[PDB]
Amino acid sequence: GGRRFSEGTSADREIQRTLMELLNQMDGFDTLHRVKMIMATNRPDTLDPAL
Amino acid sequence: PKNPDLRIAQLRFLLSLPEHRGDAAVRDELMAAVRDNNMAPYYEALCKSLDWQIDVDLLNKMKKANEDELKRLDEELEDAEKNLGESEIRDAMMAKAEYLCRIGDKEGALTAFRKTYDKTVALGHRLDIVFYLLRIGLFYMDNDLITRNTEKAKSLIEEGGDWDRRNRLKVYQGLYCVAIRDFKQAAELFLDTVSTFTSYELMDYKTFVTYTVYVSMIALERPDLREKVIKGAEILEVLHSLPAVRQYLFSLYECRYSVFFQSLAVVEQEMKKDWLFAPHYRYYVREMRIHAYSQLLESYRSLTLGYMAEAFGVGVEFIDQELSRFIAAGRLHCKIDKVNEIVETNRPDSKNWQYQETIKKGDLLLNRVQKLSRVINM
Amino acid sequence: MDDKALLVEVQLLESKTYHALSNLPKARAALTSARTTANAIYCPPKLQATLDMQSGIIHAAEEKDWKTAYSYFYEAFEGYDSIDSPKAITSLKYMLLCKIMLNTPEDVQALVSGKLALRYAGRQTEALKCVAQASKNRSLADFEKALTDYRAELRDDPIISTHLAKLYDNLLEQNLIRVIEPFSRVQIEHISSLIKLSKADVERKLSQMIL
Amino acid sequence: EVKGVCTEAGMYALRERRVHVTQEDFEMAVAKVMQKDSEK
Amino acid sequence: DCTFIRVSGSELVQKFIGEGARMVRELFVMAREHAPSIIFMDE
Amino acid sequence: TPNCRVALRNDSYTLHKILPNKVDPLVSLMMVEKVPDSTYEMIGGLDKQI
Amino acid sequence: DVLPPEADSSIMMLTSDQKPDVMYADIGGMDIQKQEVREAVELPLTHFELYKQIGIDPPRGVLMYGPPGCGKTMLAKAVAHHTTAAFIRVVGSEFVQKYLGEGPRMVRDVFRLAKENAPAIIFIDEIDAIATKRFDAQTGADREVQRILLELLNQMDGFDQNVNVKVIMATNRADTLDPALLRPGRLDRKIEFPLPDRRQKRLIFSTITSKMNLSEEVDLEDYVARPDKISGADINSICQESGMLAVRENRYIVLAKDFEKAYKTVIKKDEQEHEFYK
Ligand SMILES: Nc1ncnc2c1ncn2[C@@H]1O[C@H](COP(=O)(O)OP(=O)(O)OP(=O)(O)O)[C@@H](O)[C@H]1O
Ligand SMILES: [Mg+2]
């Protein structure tokens with residue numbers, strides 16, 4: 001999940017791509033039907049507000 | 001400068017061609033000829049003038065002042081190259097060659113304009129130089145040099161919008177297409193009359209209104225006169241100051257046929273004394289007569305010829321000899337009878353008359369290419 | 001002084017009273033001053049549609065672009081929607097008189113059958129349906145009874161009394177191509193007899209068509 | 001903002017289907033571009 | 001006739017100057033090859 | 001020239017023919033940034049700073 | 001031999017069961033942005049000649065941005081429903097394929113498909129997966145993405161103002177963008193979708209609650225009057241939660257007691273507002 005960054009390391013380049021693929025496949029141009037999602041965390045401080 | 005320069009060419013026409021009217025025209029032009037440093041364009045005009053025996057000191061006081069402006073150019077060309085701007089020799093006389101364009105002939109202009117054409121990297125000075133070459137090419141009627149730079153003008157406007165260089169340009173072909181006998185282009189180049197500005201050559205906008213209405217009544221029929229020049233508020237209110245031309249346009253529209261010839265006699269007389277219509281004033285009315293005849297004649301079929309005397313124009317035999325020469329001309333589709341005193345019309349299809357113009361052009365292009373292939377290859 | 005919003009009202013009120021006192025180019029400028037003033041207020045909540053009405057009145061008062069003038073009377077009615085019933089019901093008149101002036105007479109019934117306009121039933125929307133029906137069947141006499149029935153709301157407005165005479169010419173030739181259609185050579189004595197109109201004026205009006 | 005206004009004056013001419021930009025479109029363009037100048 | 005070069009310190013630009021370009025001064029190798037050049041900088 | 005393309009046969013890797021002129025990297029740099037190319041003719045009222 | 005054009009990603013929006021069937025009347029209260037996206041996308045698509053006739057240089061591409069949940073993805077759905085043009089819909093995190101050189105081949109055949117097909121419309125979403133600021137020419141996973149951006153920045157330059165290809169692009173964070181992408185000639189029109197405050201707020205309640213029962217008496221203006229920074233994506237969930245609150249009670253008609261329990265359930269801000277500051 002993460003939040004986002006001002007692009008510190010090279011690692012979280014391709015994680016935010018992996019994250020933004022998840023955001024689009026939820027509600028981008030597709031009827032998200034009969035597919036329910038359940039998520040869990042210890043701390044929701046570090047979540048992206050777009051999620 | 002070339003901005004008051006077209007009135008000179010009208011007054012040269014006002015000098016020579018009205019033969020009795022050559023007294024006040026040789027005075028008010030000489031009022032402007034032997035001032036503002038003009039030297040070249042009036043030697044043969046002085047030959048068409050009287051003697052004017054002592055012009056020698058009249059020339060010497062002016063060719064000196066021609067040299068005075070020419071020698072301070074000769075004092076500029078070394079102080080501009082020492083500490084250079086954007087070639088400030090050329091850049092000084094890229095505005096002072098238009099003086100030399102007015103003062104000298106085209107040769108000082110053409111070798112300096114094509115000089116300074118390669119100087120400025122932006123067209124905003126180039127395309128203004130091209131308007132100078134167009135304007136002198138009208139004075140010397142350079143009908144082969146205007147064909148070059150008009151394309152060289154129009155090739156510049158596409159980058160940028162340049163509507164003060166496009167709508168300005170449309171007036172130049174609009175005056176050129178009416179210089180030649182091409183009226184369906186001239187009304188089309190005069191289509192706007194909205195962005196057309198209070199210019200230098202038609203210093204009255206209302207004179208431009210007279211020129212765009214005299215050509216519009218030829219080029220288009222009446223589904224378009226009854227929408228464009230009867231309903232334009234841009235064109236109604238400017239002839240609202242004109243009693244004659246408002247009446248001259250509307251008499252054809254209101255079907256007031258008798259008073260149509262009355263003001264047409266005024267305009268055709270005026271068209272004779274006007275410059276640039278006098279090459280084709282006799283072509284105008286004979287097209288405007290046959291335009292006026294066929295409009296009335298295509299409404300009816302069984303019209304008698306003596307009805308047109310007291311309602312269209314007086315003189316029964318005057319109607320007789322005039323319709324006799326236009327059916328014999330191959331136009332004005334009707335067939336006049338004589339001894340039962342009636343005019344019968346027909347309606348021919350749009351095939352034979354459309355066929356007739358095709359066999360003209362087919363002969364003409366075959367005349368062109370047969371004559372060509374004999375000249376080339378020995 | 002402090003205000004800006006009340007300047008919009010008094011410029012709009014002068015825009016009313018140069019037009020109603022018959023001075024169009026002075027009313028044109030006073031509208032434009034209210035145009036450039038209302039472009040700065042953050043909240044024009046109701047005065048926008050009031051300006052949108054006479055944005056269409058004066059622009060249709062010279063009869064240049066009826067299509068864009070129709071667009072003003074639509075928005076002036078959308079602003080008058082469900083908040084001001086006297087101002088809304090007259091806004092149906094100016095959109096459908098324009099639409100008959102646009103010469104799409106069937107679309108008048110298509111709007112008033114719509115559920116937004118089914119709510120605003122009344123006398124004056126019936127004054128438009130009968131005239132749109134009169135121009136639908138394309139007849140002169142069908143137009144005349146609709147004028148006499150609803151005269152209290154048809155021939156009472158100060159712009160309708162200007163726009164009826166131009167609409168009469170369009171519907172004169174609309175029935176005139178209707179009855180002339182089914183045939184060949186014919187007498188002039190019957191077409192005057194089938195319109196209930198004279199012969200000399202019809203013959204000149206027939207002559208204008210072929211010109 | 002001069003190129004902001006003179007470009008936007010075409011948008012008033014284009015939204016009423018005209019082919020010539022008129023002097024009342026410019027003054028309507030000033031009251032919107034200076035409105036955003038009056039915003040923050 | 002000056003090669004108007006502006007620098008912004010971007011990184012799409014970076015592959016054409018050098019692989020790491022540990023200084024900024026490596027820009028001058030392309031600058032002294034278009035010799036009458038002008039370097040420009042924004043705010 | 002240094003930094004110029006070529007053609008190249010593949011059996012022996014023999015030089016074949018000069019392949020023209022590809023790009024200078026400085027030319028591609030300004031092509032990315034796209035500065036608004038201007039002139040004196042579009043300067044509005046800055047005569048003393050010129 | 002030469003070929004007809006071809007791509008895999010995406011194909012052409014198959015036009016039958018592909019429109020997301022949202023109309024302009026669904027999006028309530030976006031009067032500036034619904035009007036202004038028309039002038040930049042489909043009005044130059046159809047009425048191309050007036051832009052040519054006045055000479056005002058119609059915009060090549062448009063960048064729309066703002067906080068999340070402001071109808072960014074939604075307004076693109078309604079444009080694709082009422083268009084007459086071809087619509088090409090790509091997700092902007094699929095250019096990072098495993099094999100090298102797939103991505104630059106994947107970029108250039110989108111616009112070639114946007115060339116051959118139609119006067120079409122390109123829609124790219126989450127450009128932050130592609131267009132960032134910082135790079136690192138040591139990894140290879142970052143050497144690839146640098147070649148991705150140099151393709152579409154090259155390919156948007158290869159237009160001649162004659163083909164009618166419009167590029168709509170939508171992001172969430174405009175800060176993480178290279179300003180090389182926002183030069184005129186490439187992206188000139190910038191539309192923010194700011195957050196609705198009160199005037200646009202009551203219009204959203206009208207369009208959402210038009211479908212449900214909402215018995216007769218329940219007021220909606222009493223909720224527009226309050227402060228506190230509500231998006232457009234949760235006014236839907238005010239109504240989406242409260243319907244479930246009524247269905248839970250086996251009661252198929254919305255009451256006014258349901259909206260009170262549902263309003264304080266969605267937003268859940270505390271105060272953050274120690275009052276002694278003022
Ligand atoms: N008229 C409206 N205005 C704003 N939001 C609305 C409106 N109607 C519904 N919504 C809700 O807003 C939600 C967000 O839609 P959309 O995905 O377009 O927003 P977004 O700005 O793209 O957010 P993100 O970028 O995070 O996806 C929709 O799921 C919908 O439930
Ligand atoms: Mg989105």
# chains A, B, ... in the order shown; residues from 1 in each chain; ligands from 1
call {"tool": "residues_near_ligand", "arguments": {"ligand": "ligand 1", "cutoff": "9 Å", "atoms": "only C-alpha atoms and all ligand atoms", "output": "PyMOL selection string"}}
result
(chain A and resi 23-24+27-28+49-51) or (chain G and resi 25-30+65-77+125-126+170-172+193+195-196+200-201+203-205+207-208+231-237)
call {"tool": "select_by_dssp", "arguments": {"residues": "chain D", "states": "alpha helix (DSSP H)", "output": "PDB file with N, CA, C and O atoms, in the first residue's frame"}}
result
ATOM      1  N   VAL D   2      -2.155  39.210 -21.727  1.00  0.00           N
ATOM      2  CA  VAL D   2      -2.536  39.750 -23.023  1.00  0.00           C
ATOM      3  C   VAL D   2      -2.734  38.620 -24.022  1.00  0.00           C
ATOM      4  O   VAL D   2      -3.749  38.561 -24.724  1.00  0.00           O
ATOM      5  N   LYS D   3      -1.798  37.671 -24.059  1.00  0.00           N
ATOM      6  CA  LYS D   3      -2.050  36.477 -24.853  1.00  0.00           C
ATOM      7  C   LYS D   3      -3.081  35.575 -24.194  1.00  0.00           C
ATOM      8  O   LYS D   3      -3.620  34.685 -24.857  1.00  0.00           O
ATOM      9  N   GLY D   4      -3.359  35.777 -22.906  1.00  0.00           N
ATOM     10  CA  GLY D   4      -4.454  35.065 -22.281  1.00  0.00           C
ATOM     11  C   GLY D   4      -5.801  35.597 -22.720  1.00  0.00           C
ATOM     12  O   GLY D   4      -6.751  34.833 -22.900  1.00  0.00           O
ATOM     13  N   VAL D   5      -5.903  36.912 -22.906  1.00  0.00           N
ATOM     14  CA  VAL D   5      -7.177  37.513 -23.285  1.00  0.00           C
ATOM     15  C   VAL D   5      -7.441  37.318 -24.772  1.00  0.00           C
ATOM     16  O   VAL D   5      -8.516  36.850 -25.168  1.00  0.00           O
ATOM     17  N   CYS D   6      -6.455  37.656 -25.614  1.00  0.00           N
ATOM     18  CA  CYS D   6      -6.658  37.680 -27.059  1.00  0.00           C
ATOM     19  C   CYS D   6      -6.878  36.290 -27.626  1.00  0.00           C
ATOM     20  O   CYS D   6      -7.542  36.142 -28.654  1.00  0.00           O
ATOM     21  N   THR D   7      -6.349  35.260 -26.971  1.00  0.00           N
ATOM     22  CA  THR D   7      -6.768  33.912 -27.321  1.00  0.00           C
ATOM     23  C   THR D   7      -8.175  33.621 -26.840  1.00  0.00           C
ATOM     24  O   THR D   7      -8.924  32.919 -27.524  1.00  0.00           O
ATOM     25  N   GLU D   8      -8.555  34.140 -25.674  1.00  0.00           N
ATOM     26  CA  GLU D   8      -9.846  33.775 -25.116  1.00  0.00           C
ATOM     27  C   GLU D   8     -10.973  34.518 -25.809  1.00  0.00           C
ATOM     28  O   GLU D   8     -12.106  34.029 -25.830  1.00  0.00           O
ATOM     29  N   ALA D   9     -10.677  35.677 -26.401  1.00  0.00           N
ATOM     30  CA  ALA D   9     -11.675  36.405 -27.176  1.00  0.00           C
ATOM     31  C   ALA D   9     -12.169  35.609 -28.373  1.00  0.00           C
ATOM     32  O   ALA D   9     -13.316  35.792 -28.790  1.00  0.00           O
ATOM     33  N   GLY D  10     -11.339  34.724 -28.921  1.00  0.00           N
ATOM     34  CA  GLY D  10     -11.823  33.807 -29.931  1.00  0.00           C
ATOM     35  C   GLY D  10     -12.816  32.803 -29.389  1.00  0.00           C
ATOM     36  O   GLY D  10     -13.695  32.344 -30.122  1.00  0.00           O
ATOM     37  N   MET D  11     -12.705  32.456 -28.106  1.00  0.00           N
ATOM     38  CA  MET D  11     -13.610  31.463 -27.543  1.00  0.00           C
ATOM     39  C   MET D  11     -15.013  32.019 -27.368  1.00  0.00           C
ATOM     40  O   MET D  11     -15.983  31.256 -27.384  1.00  0.00           O
ATOM     41  N   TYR D  12     -15.142  33.332 -27.199  1.00  0.00           N
ATOM     42  CA  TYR D  12     -16.465  33.938 -27.225  1.00  0.00           C
ATOM     43  C   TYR D  12     -17.004  34.009 -28.642  1.00  0.00           C
ATOM     44  O   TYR D  12     -18.211  33.855 -28.862  1.00  0.00           O
ATOM     45  N   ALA D  13     -16.132  34.248 -29.615  1.00  0.00           N
ATOM     46  CA  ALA D  13     -16.581  34.289 -30.995  1.00  0.00           C
ATOM     47  C   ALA D  13     -16.937  32.910 -31.515  1.00  0.00           C
ATOM     48  O   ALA D  13     -17.825  32.788 -32.363  1.00  0.00           O
ATOM     49  N   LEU D  14     -16.275  31.874 -31.015  1.00  0.00           N
ATOM     50  CA  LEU D  14     -16.536  30.520 -31.472  1.00  0.00           C
ATOM     51  C   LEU D  14     -17.729  29.897 -30.775  1.00  0.00           C
ATOM     52  O   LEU D  14     -18.341  28.972 -31.317  1.00  0.00           O
ATOM     53  N   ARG D  15     -18.090  30.382 -29.595  1.00  0.00           N
ATOM     54  CA  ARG D  15     -19.216  29.773 -28.911  1.00  0.00           C
ATOM     55  C   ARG D  15     -20.553  30.323 -29.373  1.00  0.00           C
ATOM     56  O   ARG D  15     -21.590  29.784 -28.980  1.00  0.00           O
ATOM     57  N   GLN D  23     -15.526  43.607 -31.004  1.00  0.00           N
ATOM     58  CA  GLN D  23     -14.981  44.429 -29.933  1.00  0.00           C
ATOM     59  C   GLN D  23     -15.722  44.271 -28.618  1.00  0.00           C
ATOM     60  O   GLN D  23     -15.247  44.772 -27.596  1.00  0.00           O
ATOM     61  N   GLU D  24     -16.871  43.620 -28.614  1.00  0.00           N
ATOM     62  CA  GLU D  24     -17.542  43.313 -27.364  1.00  0.00           C
ATOM     63  C   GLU D  24     -17.097  41.979 -26.791  1.00  0.00           C
ATOM     64  O   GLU D  24     -17.366  41.699 -25.620  1.00  0.00           O
ATOM     65  N   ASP D  25     -16.425  41.156 -27.587  1.00  0.00           N
ATOM     66  CA  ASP D  25     -15.879  39.906 -27.088  1.00  0.00           C
ATOM     67  C   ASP D  25     -14.627  40.127 -26.262  1.00  0.00           C
ATOM     68  O   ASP D  25     -14.388  39.385 -25.305  1.00  0.00           O
ATOM     69  N   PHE D  26     -13.827  41.128 -26.626  1.00  0.00           N
ATOM     70  CA  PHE D  26     -12.633  41.467 -25.865  1.00  0.00           C
ATOM     71  C   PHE D  26     -12.978  41.994 -24.485  1.00  0.00           C
ATOM     72  O   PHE D  26     -12.351  41.602 -23.498  1.00  0.00           O
ATOM     73  N   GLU D  27     -13.966  42.878 -24.391  1.00  0.00           N
ATOM     74  CA  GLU D  27     -14.333  43.415 -23.090  1.00  0.00           C
ATOM     75  C   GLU D  27     -15.052  42.393 -22.227  1.00  0.00           C
ATOM     76  O   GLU D  27     -15.019  42.507 -21.000  1.00  0.00           O
ATOM     77  N   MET D  28     -15.673  41.380 -22.830  1.00  0.00           N
ATOM     78  CA  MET D  28     -16.163  40.265 -22.036  1.00  0.00           C
ATOM     79  C   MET D  28     -15.026  39.346 -21.626  1.00  0.00           C
ATOM     80  O   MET D  28     -15.147  38.608 -20.645  1.00  0.00           O
ATOM     81  N   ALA D  29     -13.920  39.373 -22.363  1.00  0.00           N
ATOM     82  CA  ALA D  29     -12.780  38.547 -22.003  1.00  0.00           C
ATOM     83  C   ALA D  29     -11.967  39.162 -20.876  1.00  0.00           C
ATOM     84  O   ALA D  29     -11.316  38.431 -20.123  1.00  0.00           O
ATOM     85  N   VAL D  30     -11.985  40.491 -20.754  1.00  0.00           N
ATOM     86  CA  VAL D  30     -11.240  41.155 -19.689  1.00  0.00           C
ATOM     87  C   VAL D  30     -11.864  40.848 -18.339  1.00  0.00           C
ATOM     88  O   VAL D  30     -11.163  40.560 -17.362  1.00  0.00           O
ATOM     89  N   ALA D  31     -13.194  40.831 -18.279  1.00  0.00           N
ATOM     90  CA  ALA D  31     -13.879  40.635 -17.010  1.00  0.00           C
ATOM     91  C   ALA D  31     -13.799  39.203 -16.502  1.00  0.00           C
ATOM     92  O   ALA D  31     -14.227  38.940 -15.376  1.00  0.00           O
ATOM     93  N   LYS D  32     -13.288  38.271 -17.299  1.00  0.00           N
ATOM     94  CA  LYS D  32     -13.084  36.919 -16.807  1.00  0.00           C
ATOM     95  C   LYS D  32     -11.632  36.649 -16.457  1.00  0.00           C
ATOM     96  O   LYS D  32     -11.357  35.960 -15.469  1.00  0.00           O
ATOM     97  N   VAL D  33     -10.696  37.180 -17.242  1.00  0.00           N
ATOM     98  CA  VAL D  33      -9.281  36.969 -16.967  1.00  0.00           C
ATOM     99  C   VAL D  33      -8.844  37.788 -15.759  1.00  0.00           C
ATOM    100  O   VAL D  33      -8.082  37.310 -14.912  1.00  0.00           O
ATOM    101  N   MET D  34      -9.356  39.011 -15.625  1.00  0.00           N
ATOM    102  CA  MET D  34      -9.114  39.774 -14.408  1.00  0.00           C
ATOM    103  C   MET D  34      -9.930  39.277 -13.227  1.00  0.00           C
ATOM    104  O   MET D  34      -9.636  39.668 -12.092  1.00  0.00           O
ATOM    105  N   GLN D  35     -10.942  38.442 -13.456  1.00  0.00           N
ATOM    106  CA  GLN D  35     -11.650  37.828 -12.339  1.00  0.00           C
ATOM    107  C   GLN D  35     -10.770  36.791 -11.657  1.00  0.00           C
ATOM    108  O   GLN D  35     -10.738  36.706 -10.424  1.00  0.00           O
ATOM    109  N   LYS D  36     -10.054  35.986 -12.445  1.00  0.00           N
ATOM    110  CA  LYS D  36      -9.089  35.054 -11.875  1.00  0.00           C
ATOM    111  C   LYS D  36      -7.897  35.774 -11.270  1.00  0.00           C
ATOM    112  O   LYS D  36      -7.249  35.228 -10.370  1.00  0.00           O
ATOM    113  N   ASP D  37      -7.597  36.983 -11.751  1.00  0.00           N
ATOM    114  CA  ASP D  37      -6.625  37.834 -11.079  1.00  0.00           C
ATOM    115  C   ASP D  37      -7.148  38.263  -9.714  1.00  0.00           C
ATOM    116  O   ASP D  37      -6.373  38.439  -8.766  1.00  0.00           O
TER     117      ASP D  37
END
call {"tool": "closest_residue", "arguments": {"among": "B:162, B:255, B:296, B:41", "to": "chain G", "atoms": "only C-alpha atoms"}}
result
B:162
call {"tool": "residues_around", "arguments": {"residues": "residue 43 (chain E)", "least_positions_apart": "3", "cutoff": "12 Å", "atoms": "only C-alpha atoms", "output": "ChimeraX atom specification"}}
result
/E:6-9,40
call {"tool": "atom_distance", "arguments": {"atom1": "CA of residue 93 (chain C)", "atom2": "CA of residue 139 (chain C)"}}
result
21.6 Å
call {"tool": "residues_around", "arguments": {"residues": "residue 206 (chain C)", "least_positions_apart": "2", "cutoff": "12 Å", "atoms": "only C-alpha atoms", "output": "count of residues only"}}
result
20
call {"tool": "atom_distance", "arguments": {"atom1": "CA of residue 38 (chain B)", "atom2": "CA of residue 105 (chain B)"}}
result
9.9 Å
call {"tool": "interface_residues", "arguments": {"of": "chain C", "to": "chain G", "cutoff": "12 Å", "atoms": "only C-alpha atoms", "output": "list in words"}}
result
residues 42, 43, 44 and 45 of chain C
call {"tool": "write_last_selection", "arguments": {"atoms": "N, CA and C atoms", "output": "PDB file, in the first residue's frame"}}
result
ATOM      1  N   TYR C  42     -19.477  36.474  -7.909  1.00  0.00           N
ATOM      2  CA  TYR C  42     -19.338  35.058  -7.588  1.00  0.00           C
ATOM      3  C   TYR C  42     -20.691  34.359  -7.530  1.00  0.00           C
ATOM      4  N   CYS C  43     -21.712  35.023  -6.983  1.00  0.00           N
ATOM      5  CA  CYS C  43     -23.055  34.454  -6.886  1.00  0.00           C
ATOM      6  C   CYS C  43     -24.055  35.281  -7.680  1.00  0.00           C
ATOM      7  N   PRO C  44     -24.280  34.962  -8.954  1.00  0.00           N
ATOM      8  CA  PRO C  44     -25.557  35.306  -9.605  1.00  0.00           C
ATOM      9  C   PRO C  44     -26.565  34.172  -9.505  1.00  0.00           C
ATOM     10  N   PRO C  45     -27.296  34.034  -8.385  1.00  0.00           N
ATOM     11  CA  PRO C  45     -28.106  32.820  -8.207  1.00  0.00           C
ATOM     12  C   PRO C  45     -29.402  32.794  -9.009  1.00  0.00           C
TER      13      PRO C  45
END
call {"tool": "interface_residues", "arguments": {"of": "chain E", "to": "chain G", "cutoff": "8 Å", "atoms": "only C-alpha atoms", "output": "PDB file with N, CA and C atoms, in the first residue's frame"}}
result
ATOM      1  N   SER E  10      17.203  18.518 -15.169  1.00  0.00           N
ATOM      2  CA  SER E  10      16.281  17.401 -15.258  1.00  0.00           C
ATOM      3  C   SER E  10      17.068  16.118 -15.489  1.00  0.00           C
ATOM      4  N   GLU E  11      16.362  15.006 -15.641  1.00  0.00           N
ATOM      5  CA  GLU E  11      17.015  13.720 -15.760  1.00  0.00           C
ATOM      6  C   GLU E  11      16.664  12.969 -17.028  1.00  0.00           C
ATOM      7  N   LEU E  12      15.635  13.385 -17.759  1.00  0.00           N
ATOM      8  CA  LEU E  12      15.513  12.920 -19.132  1.00  0.00           C
ATOM      9  C   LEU E  12      16.627  13.490 -19.984  1.00  0.00           C
ATOM     10  N   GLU E  19      26.918   9.729 -18.387  1.00  0.00           N
ATOM     11  CA  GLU E  19      26.279   8.609 -17.707  1.00  0.00           C
ATOM     12  C   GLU E  19      26.013   8.924 -16.239  1.00  0.00           C
ATOM     13  N   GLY E  20      26.970   9.527 -15.542  1.00  0.00           N
ATOM     14  CA  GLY E  20      26.682   9.953 -14.194  1.00  0.00           C
ATOM     15  C   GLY E  20      26.701  11.455 -14.059  1.00  0.00           C
TER      16      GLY E  20
END
call {"tool": "closest_residue", "arguments": {"among": "A:3, A:22, A:9, A:15", "to": "ligand 2", "atoms": "only C-alpha atoms and all ligand atoms"}}
result
A:22
call {"tool": "residues_around", "arguments": {"residues": "residue 13 (chain A)", "least_positions_apart": "4", "cutoff": "10 Å", "atoms": "only C-alpha atoms", "output": "VMD selection string"}}
result
(chain A and resid 4 to 9 17 to 18) or (chain G and resid 128 to 130 132 134 to 135 141 to 142)
call {"tool": "write_last_selection", "arguments": {"atoms": "N, CA and C atoms", "output": "mmCIF file, in the first residue's frame"}}
result
data_model
loop_
_atom_site.group_PDB
_atom_site.id
_atom_site.type_symbol
_atom_site.label_atom_id
_atom_site.label_comp_id
_atom_site.auth_asym_id
_atom_site.auth_seq_id
_atom_site.Cartn_x
_atom_site.Cartn_y
_atom_site.Cartn_z
ATOM 1 N N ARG A 4 2.838 7.309 -0.890
ATOM 2 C CA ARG A 4 3.447 7.772 -2.136
ATOM 3 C C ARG A 4 4.777 8.320 -1.663
ATOM 4 N N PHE A 5 5.593 8.852 -2.562
ATOM 5 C CA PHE A 5 6.816 9.508 -2.142
ATOM 6 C C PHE A 5 7.140 10.654 -3.077
ATOM 7 N N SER A 6 8.200 11.374 -2.722
ATOM 8 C CA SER A 6 8.972 12.158 -3.669
ATOM 9 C C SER A 6 10.188 11.379 -4.144
ATOM 10 N N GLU A 7 9.997 10.070 -4.305
ATOM 11 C CA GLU A 7 10.794 9.155 -5.116
ATOM 12 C C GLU A 7 12.230 9.051 -4.594
ATOM 13 N N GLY A 8 12.322 8.570 -3.359
ATOM 14 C CA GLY A 8 13.605 8.432 -2.709
ATOM 15 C C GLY A 8 14.487 7.358 -3.314
ATOM 16 N N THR A 9 14.109 6.092 -3.164
ATOM 17 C CA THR A 9 14.955 5.012 -3.644
ATOM 18 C C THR A 9 14.462 4.557 -5.008
ATOM 19 N N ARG A 17 3.975 1.693 -9.177
ATOM 20 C CA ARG A 17 3.355 1.155 -10.376
ATOM 21 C C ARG A 17 2.525 -0.072 -10.047
ATOM 22 N N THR A 18 3.038 -0.927 -9.166
ATOM 23 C CA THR A 18 2.281 -2.089 -8.724
ATOM 24 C C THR A 18 1.088 -1.668 -7.880
ATOM 25 N N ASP G 128 1.438 8.890 -13.526
ATOM 26 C CA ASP G 128 2.467 8.842 -12.493
ATOM 27 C C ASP G 128 3.225 7.524 -12.496
ATOM 28 N N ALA G 129 2.626 6.463 -13.033
ATOM 29 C CA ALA G 129 3.364 5.225 -13.239
ATOM 30 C C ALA G 129 4.392 5.343 -14.352
ATOM 31 N N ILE G 130 4.288 6.357 -15.203
ATOM 32 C CA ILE G 130 5.234 6.578 -16.289
ATOM 33 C C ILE G 130 6.006 7.869 -16.086
ATOM 34 N N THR G 132 7.468 10.546 -14.151
ATOM 35 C CA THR G 132 7.937 11.018 -12.862
ATOM 36 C C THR G 132 9.042 12.034 -13.091
ATOM 37 N N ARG G 134 12.387 11.929 -10.989
ATOM 38 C CA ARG G 134 13.706 11.384 -10.710
ATOM 39 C C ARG G 134 13.929 10.090 -11.472
ATOM 40 N N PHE G 135 15.164 9.877 -11.906
ATOM 41 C CA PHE G 135 15.545 8.659 -12.597
ATOM 42 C C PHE G 135 16.848 8.133 -12.021
ATOM 43 N N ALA G 141 15.450 -1.352 -14.502
ATOM 44 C CA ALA G 141 14.026 -1.108 -14.324
ATOM 45 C C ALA G 141 13.700 0.369 -14.444
ATOM 46 N N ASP G 142 14.705 1.225 -14.321
ATOM 47 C CA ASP G 142 14.531 2.649 -14.515
ATOM 48 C C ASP G 142 15.109 3.112 -15.843
#
call {"tool": "residues_around", "arguments": {"residues": "region 154-170 of chain C", "least_positions_apart": "4", "cutoff": "8 Å", "atoms": "only C-alpha atoms", "output": "count of residues only"}}
result
6
call {"tool": "residues_around", "arguments": {"residues": "residue 1 (chain A)", "least_positions_apart": "2", "cutoff": "8 Å", "atoms": "only C-alpha atoms", "output": "PyMOL selection string"}}
result
chain A and resi 3+19+46-48
call {"tool": "interface_residues", "arguments": {"of": "chain G", "to": "chain B", "cutoff": "9 Å", "atoms": "only C-alpha atoms", "output": "VMD selection string"}}
result
chain G and resid 54 to 56
